[PDB]
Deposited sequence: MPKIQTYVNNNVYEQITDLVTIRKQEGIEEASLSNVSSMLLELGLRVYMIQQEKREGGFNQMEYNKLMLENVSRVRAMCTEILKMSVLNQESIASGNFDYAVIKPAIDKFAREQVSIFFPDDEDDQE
């Protein structure tokens, strides 16, 4: 479907400018209608990999902070002290070591 818009000289300049910019970036097939279409699409906008990646990174980061703290408090629990097996000076680097080895599997 084709659209005819009557725009002001400002808008017009900016667009024809964009077309130029593009061709100049190899984007051969850049065109007036071509570019206005992209701009309309963009204007309208104003699942989702990026938005999703973001949420997951937050949740994971959050969980990690929380567990760090929980860990420290568990270590302070009398029953833990008693066992003699949860000395934070040991567990902690052990955990770091685990993470590093794991990461290194893939990087």
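Engineer: Missing C-alpha coordinates: which residue stretches of the deposited sequence does that apply to?
Structural biologist: According to the record, the gaps fall at 1, 48-58, 120-127.
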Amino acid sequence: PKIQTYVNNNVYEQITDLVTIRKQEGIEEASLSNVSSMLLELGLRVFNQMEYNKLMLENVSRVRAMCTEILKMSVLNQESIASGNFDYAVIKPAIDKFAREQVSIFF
From here on, numbers count along this sequence of modelled residues.
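Engineer: As stated in the PDB record, which stretch has the larger average Cα B-factor, 17-25 or 93-101?
Structural biologist: Higher of the two, by average CA B-factor, is 17-25.
Engineer: Between 37-45 and 60-68, point out the one with the higher average CA B-factor as the PDB entry records it.
Structural biologist: Looking at the recorded C-alpha B-factors, 37-45 comes out higher on average.
Engineer: In terms of the chain's CA B-factor thirds, is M50 lowest, middle or highest?
Structural biologist: As the PDB entry reports it, the C-alpha B-factor of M50 lands in the highest third of its chain.
Engineer: Test of reading the entry: by CA B factor among the chain's modelled residues, which third contains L32?
Structural biologist: According to the entry, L32 has a C-alpha B-factor in the chain's lowest third.
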